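J.: Just so you know, the sequences run in chain order A and U. What the first sequence shows, in the authors' numbering, is residues 14 to 167, 188 to 295, in sequence order. What the second sequence shows, in the authors' numbering, is residues 14 to 167, 188 to 295, in sequence order.
Number of protein chains: 2
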Amino acid sequence: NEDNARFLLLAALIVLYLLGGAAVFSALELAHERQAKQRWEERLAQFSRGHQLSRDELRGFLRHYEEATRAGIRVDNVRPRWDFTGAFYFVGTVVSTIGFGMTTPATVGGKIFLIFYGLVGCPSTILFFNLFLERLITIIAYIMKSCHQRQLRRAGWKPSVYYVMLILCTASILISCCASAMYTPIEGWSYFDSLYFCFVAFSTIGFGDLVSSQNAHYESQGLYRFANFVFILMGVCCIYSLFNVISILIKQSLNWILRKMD
Amino acid sequence: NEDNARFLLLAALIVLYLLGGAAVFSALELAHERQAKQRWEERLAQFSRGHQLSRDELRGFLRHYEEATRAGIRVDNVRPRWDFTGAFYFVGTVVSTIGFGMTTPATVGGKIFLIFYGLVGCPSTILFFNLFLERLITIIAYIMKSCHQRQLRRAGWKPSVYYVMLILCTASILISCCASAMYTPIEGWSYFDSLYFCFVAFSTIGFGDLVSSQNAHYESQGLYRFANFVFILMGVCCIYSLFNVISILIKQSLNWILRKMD
Ligand SMILES: CCCCC/C=C\C/C=C\CCCCCCCC(=O)O
Ligand SMILES: CCCCC/C=C\C/C=C\CCCCCCCC(=O)O
Ligand SMILES: CCCCCCCCCCCCCCCC
Ligand SMILES: CCCCCCCCCCCCCCCC
Ligand SMILES: CCCCCCCCCCCC
Ligand SMILES: CCCCCCCCCCCC
Ligand SMILES: CCCCCCCCCCCC
Ligand SMILES: CCCCCCCCCCCC
Ligand SMILES: CCCCCCCCCCCC
Ligand SMILES: CCCCCCCCCCCC
Ligand SMILES: CCCCCCCC
Ligand SMILES: CCCCCCCC
Ligand SMILES: CCCCCCCC
Ligand SMILES: CCCCCCCC
Ligand SMILES: CCCCCCCC
Ligand SMILES: CCCCCCCC
Ligand SMILES: CCCCCCCC
Ligand SMILES: CCCCCCCC
Ligand SMILES: CCCCCC
Ligand SMILES: CCCCCC
Ligand SMILES: CCCCCC
Ligand SMILES: CCCCCC
Ligand SMILES: CCCCCC
Ligand SMILES: CCCCCC
Ligand SMILES: CCCCCC
Ligand SMILES: CCCCCC
Ligand SMILES: CCCCCC
Ligand SMILES: CCCCCC
Ligand SMILES: CCCCCC
Ligand SMILES: CCCCCC
Ligand SMILES: CCCCCC
Ligand SMILES: CCCCCC
Ligand SMILES: [K+]
Ligand SMILES: [K+]
Ligand SMILES: [K+]
Ligand SMILES: [K+]
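1) For the putative contact between residue 203 of chain U and residue 111 of chain U, defined by C-beta atoms under 8 Å, what is the C-beta separation to the nearest angstrom?
2) For residue 30 of chain U, which residues in chain A fall below 9 Å Cβ to Cβ?
3) Tell me, please, which residues DSSP counts as bridged to residue 251 of chain A.
4) Starting from residue 120 of chain U, find everything on chain A with Cβ-Cβ shorter than 8 Å and list it in chain order.
5) Just reading off the alpha helix (DSSP H) that residue 159 of chain A is part of, what are its end residues?
6) Can you say whether residue 17 of chain A is buried or exposed, counting buried as having 16 or more other CB atoms within 10 angstroms of its CB?
7) Given this structure, state the Cα-to-Cα distance separating residue 77 of chain U from residue 247 of chain A, to the nearest angstrom.
8) Going by Cα to Cα distance, which pick from A:294, A:278, A:270 and A:28 is closest to residue 205 of chain A?
9) Using the beta-carbon count (16 or more within 10 Å), is residue 280 of chain U buried or exposed?
10) Skipping 5 residues on each side, what residues in its chain have a beta carbon closer than 6 Å to that of residue 137 of chain A?
11) Are there three or more Cβ pairs, one per stretch, closer than 8 Å when the segment 19-26 of chain A is compared with the segment 277-293 of chain A?
12) Identify which residue in A:163, A:44, A:119 and A:65 has its Cα closest to the Cα of residue 226 of chain U.
13) Say the cut is 7 Å; is the CB of residue 260 of chain A nearer than that to a heavy atom of ligand 6?
14) Might you give, ordered along the chain, the residues of its own chain that have their beta carbon closer than 7 Å to the beta carbon of residue 213 of chain A, omitting 5 neighbours on each side?
15) Would you kindly check if the distance between the Cβ of residue 116 of chain U and the Cβ of residue 94 of chain U is under 8 Å?
16) Check this for me: beta carbons of residue 89 of chain U and residue 39 of chain A, under 8 Å apart or not?
17) Can you find the residues in the same chain that come closer than 7 Å, C-beta to C-beta, to residue 220 of chain A, ignoring five residues on each side of it along the sequence?
18) Going by DSSP, what residue range makes up the alpha helix (DSSP H) through residue 232 of chain U?
19) Would residue 84 of chain U and residue 44 of chain A qualify as a contact pair, given that the criterion is a beta-carbon distance under 8 Å?
20) For residue 237 of chain A, return the contacting residues in chain U, with the cut-off set at a CB-CB distance below 7 Å.
21) Excluding sequence positions up to five away, which residues of its chain have a Cβ less than 7 Å from the Cβ of residue 261 of chain U?
22) Between residue 79 of chain U and chain A, is the shortest Cβ-Cβ distance under 8 Å, so that the two count as touching?
23) For the alpha helix (DSSP H) containing residue 79 of chain A, name the first residue and the last one.
24) For a contact meaning CB atoms closer than 9 Å, what does residue 229 of chain U contact in chain A?
25) Does the beta-carbon of residue 82 of chain A, which I'm using as the reference point, lie nearer than 7 Å to any heavy atom of ligand 33?
26) Label residue 156 of chain A either buried or exposed according to how many other C-beta atoms from any shown protein chain fall within 10 Å of its C-beta, with 16 as the threshold for buried.
27) So which residues put a beta carbon under 6 Å from any heavy atom of ligand 17, going in chain order?
28) Would you mind reading off the limits of the alpha helix (DSSP H) that contains residue 93 of chain A?
29) Measuring alpha carbon to alpha carbon, tell me which residue in A:197, A:36 and A:241 is nearest residue 277 of chain A.
30) So which residues of chain A does residue 213 of chain U contact, with C-beta pairs closer than 8 Å?
31) Does the distance between the C-beta of residue 33 of chain U and the nearest non-hydrogen atom of ligand 27 fall short of 7 Å?
32) Beta-carbon separation of residue 241 of chain A and residue 114 of chain U under 8 Å?
33) Which term fits residue 58 of chain A, buried or exposed, when burial requires 16 or more other beta carbons within 10 angstroms of its beta carbon?
34) Please report whether the beta-carbon of residue 190 of chain A lies at a distance below 8 Å from any beta-carbon of chain U.
35) Please go through the same chain and pick out, in chain order, the residues whose beta-carbon is closer than 6 Å to the beta-carbon of residue 15 of chain A, but skip the five residues on each side of it.
36) Is residue 121 of chain A near ligand 27, judged by its Cβ being under 7 Å from some heavy atom?
Laid out in structure tokens, this is it:
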């Protein structure tokens, strides 16, 4: 009866969390959304009046442009999709569950293979992340044991969950700052935008509003792609481990809550 | 030295998998991409000639349209973002790490809160999925014990990983087929497109090319949203559990191959 109680309590807490978050986000974003819509409508009306076109013709043109954009066309010299490098980027975003969406299959055959590829590939990445976490814990224990032994001259050393969480948080912060230091100059982004993109990509949410390495010519462009790959990989690993540790802590907190209640 | 060997072997296998997948996807998609780009270019050239519009004017108009679309505008009628139910949909896609991207924060304050909200919410959903998996295993064991006891008239009953994987696969197939039973007449999609969307959403990849339940008016629109919520929740749970079980099986296969290599 304890497991059922914990399950029910977690469900109720998550529901309340969702309701509160929805309220807050609406309060923050509604006015900006309305203002943007009004500005776009004014621009469209002015353009239509200037060149004495028709609303239907512009509607058809915009529909064609939306189809082209789904195809992969953009307005600023984007890199080609579905070349070998683009395909590599797409598969990397698929196996990790990020799914930016800047490149998606468009033909029958490219969707079946996507299903099978993801089905056989996502578990492998999850297993890789788990193995990395285990290796990190072992190395931390070894370092602590060695440091204590060396300082004495003046296995059972597994660190607690709290220290592992602190270490993962520090590593994530450092990786995000280092990645942003490179994204900001190469891209036309601000530092805060770089941090926001780093968090969105590392957590595997992948909205797709900001995507890196999509500007065709990128000066060097040889080391830049390798650096982007390395940074995304490390960030994903660190954030995945941090989320799992935080989940363990939340589970302990829920038991404590249940135990206190009586 | 065994753990390091398994780690290295998994890394090499994943790298080969990525290379092969990239090659296959490029081979499948490059011709379609080129044809679509050519068709869009022809359409744009034809439109420009007919109305005597300069290409810079059309470029500016399309840039404005891309800015507007980034705020939620579409050629077809779509439900508003950030009123109260768009916010609920957004938070649901955020906590589950799906990230469709049809709704994204656009203001400072809506991005900081997004970071903190995700940081505190994703671990809760992961814990909920793990608890669900444990409950499912317990119920399966109880059912098997009861069935065996009944068949006798003529704890240690937990099923093996193989049977749990088979059950999860069957449940996922049934849920996907039932969900696609709708989403075909309500969304005007083909059945295969419905299955593709179900897999993309359930796995938490969330490309965003196909998003459900946003067409402004949706007939009832009261039960439809509830049904969409329930279907997505169940699919996400089942696919998450299936991925974890498959990862365990892959780990066993790796240990066996390592033992085979001596
Ligand atoms: C060497 C370690 C092997 C393990 C690989 C495991 C998982 C891969 C997961 C995610 C990769 C992040 C996306 C890379 C994007 C390529 C960028 C570019 O090309 O511009
Ligand atoms: C009662 C169980 C509580 C636990 C819920 C936990 C996590 C929620 C995760 C995913 C739900 C995503 C569905 C998207 C919302 C659709 C709403 C709509 O179409 O408008
Ligand atoms: C969305 C889930 C919210 C998580 C609720 C956190 C509960 C806080 C309890 C903190 C005390 C538990 C730690 C042990 C105290 C000795
Ligand atoms: C993306 C990497 C996938 C690697 C899958 C490895 C498959 C190995 C098959 C081995 C089958 C025998 C194992 C079961 C015997 C105990
Ligand atoms: C144009 C060069 C792109 C480089 C990205 C591919 C190489 C990384 C995969 C191999 C890592 C061991
Ligand atoms: C204009 C030169 C930009 C090149 C950026 C170099 C990126 C490599 C950093 C180190 C890789 C880990
Ligand atoms: C003996 C130790 C060397 C092999 C372990 C390294 C495998 C990962 C290297 C790349 C970082 C993900
Ligand atoms: C217990 C489930 C709580 C969430 C219900 C909200 C979704 C229904 C939307 C109805 C809007 C007309
Ligand atoms: C006319 C459109 C009616 C569609 C309503 C959907 C009914 C689904 C309810 C069951 C939820 C699991
Ligand atoms: C005894 C009842 C406790 C469990 C009820 C929780 C119902 C939530 C269903 C969510 C399944 C994905
Ligand atoms: C038309 C190519 C078919 C690709 C699907 C392969 C599934 C194993
Ligand atoms: C025993 C060596 C473990 C490898 C750790 C690598 C972390 C970047
Ligand atoms: C840590 C990488 C620093 C890159 C600086 C780029 C300056 C043009
Ligand atoms: C000019 C391309 C350099 C690629 C670096 C790869 C390092 C293993
Ligand atoms: C303008 C109000 C922003 C509040 C940010 C939320 C901090 C947790
Ligand atoms: C005793 C188990 C009850 C909860 C399981 C519900 C599965 C849908
Ligand atoms: C389980 C859903 C049944 C099909 C609903 C759509 C009927 C037009
Ligand atoms: C008319 C609104 C119906 C809402 C579904 C019931 C929620 C339990
Ligand atoms: C946490 C309380 C929810 C508020 C609903 C508007
Ligand atoms: C957490 C309650 C939301 C307050 C903003 C209206
Ligand atoms: C967390 C409270 C934010 C209030 C939005 C105006
Ligand atoms: C551009 C081809 C890259 C080769 C990968 C080793
Ligand atoms: C068009 C055939 C679809 C096959 C289902 C996997
Ligand atoms: C005690 C500090 C060790 C950190 C391991 C990365
Ligand atoms: C089996 C690896 C060969 C590389 C093919 C491009
Ligand atoms: C061995 C995987 C396939 C290699 C093709 C680039
Ligand atoms: C599975 C390897 C693909 C080679 C054809 C491009
Ligand atoms: C592994 C090689 C397959 C070739 C596909 C065209
Ligand atoms: C393995 C699939 C081959 C693709 C042929 C175009
Ligand atoms: C407008 C919908 C209200 C939801 C409260 C449960
Ligand atoms: C979380 C960093 C704050 C950014 C201020 C613009
Ligand atoms: C035969 C066992 C059935 C379990 C499915 C919930
Ligand atoms: K994800
Ligand atoms: K996504
Ligand atoms: K995702
Ligand atoms: K996305």
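Cβ atoms here follow ideal geometry from the backbone N, Cα and C, with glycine treated the same way.
T.: In terms of the structure at hand:
1) With 8 Å as the limit, residue 203 of chain U and residue 111 of chain U do not qualify as a contact, their Cβ atoms being about 23 Å apart.
2) Per Cβ cutoff of 9 Å: 104, 108, 130, 133, 134 and 137.
3) Residue 251 of chain A pairs with A:253.
4) Simply 41, 42 and 45.
5) Unbroken alpha helix (DSSP H) run through residue 159 of chain A: 125-165.
6) Of the other Cβ atoms in all chains shown, fewer than 16 fall within 10 Å of the Cβ of residue 17 of chain A; this residue is therefore exposed.
7) Approximately 20 Å between the Cα atoms of the pair.
8) Selected option, being the one with the closest Cα: A:270.
9) Buried, since its Cβ has 16 or more Cβ neighbours within 10 Å.
10) Here the set comprises nothing.
11) Remark: three or more beta-carbon pairs, one from each stretch, lie closer than 8 Å, so the segment 19-26 of chain A and the segment 277-293 of chain A are flagged as touching.
12) Taking only the C-alpha atoms, the option nearest residue 226 of chain U is A:119.
13) Yes - ligand 6 has a heavy atom lying nearer than 7 Å to the Cβ of residue 260 of chain A.
14) Here the set comprises 224, 227, 228 and 231.
15) Yes.
16) In this structure, residue 39 of chain A does not lie closer than 8 Å to residue 89 of chain U by Cβ.
17) Around residue 220 of chain A: 245.
18) 224-235 is the extent of the alpha helix (DSSP H) around residue 232 of chain U.
19) Cβ distance not < 8 Å, so residue 84 of chain U and residue 44 of chain A don't count as in contact.
20) Think of a sphere of 7 Å around the beta carbon of residue 237 of chain A: the chain U residues whose beta carbon falls inside it are 110, in chain order.
21) Apart from sequence neighbours up to five positions away, the residues of its chain that approach residue 261 of chain U with a beta-carbon distance below 7 Å are 245 and 246, ordered along the chain.
22) Closer than 8 Å to some Cβ of chain A, the Cβ of residue 79 of chain U qualifies, so yes.
23) Unbroken alpha helix (DSSP H) run through residue 79 of chain A: 68-84.
24) Residues of chain A with a Cβ closer than 9 Å to the Cβ of residue 229 of chain U are, in chain order, 118, 124, 125, 127 and 128.
25) In this structure, residue 82 of chain A has its CB at a distance of at least 7 Å from all heavy atoms of ligand 33.
26) Note on residue 156 of chain A: under 16 other CB atoms within 10 angstroms of its CB, so exposed under the neighbour-count rule.
27) Taken from the N-terminal end onward, the list reads U:211, U:214, U:215 and U:218.
28) From DSSP, residue 93 of chain A is part of no alpha helix (DSSP H); its letter is neither H nor E.
29) Relative to the Cα of residue 277 of chain A, the nearest Cα in the group A:197, A:36 and A:241 belongs to A:197.
30) The premise fails here: residue 213 of chain U is roughly 13 Å from chain A at the closest Cβ pair, so nothing lies under 8 Å.
31) Yes, Cβ of residue 33 of chain U sits closer than 7 Å to a heavy atom of ligand 27.
32) Taking the C-beta atoms as reference points, residue 114 of chain U is found nearer than 8 Å to residue 241 of chain A.
33) Per the 10 Å Cβ criterion, exposed.
34) It does not: the Cβ of residue 190 of chain A has no partner Cβ on chain U nearer than 8 Å.
35) The beta carbon of residue 15 of chain A is closer than 6 Å to none in its chain, skipping five residues each way along the sequence.
36) No; taking the cut-off as 7 Å, the Cβ of residue 121 of chain A has no heavy atom of ligand 27 nearer than that.
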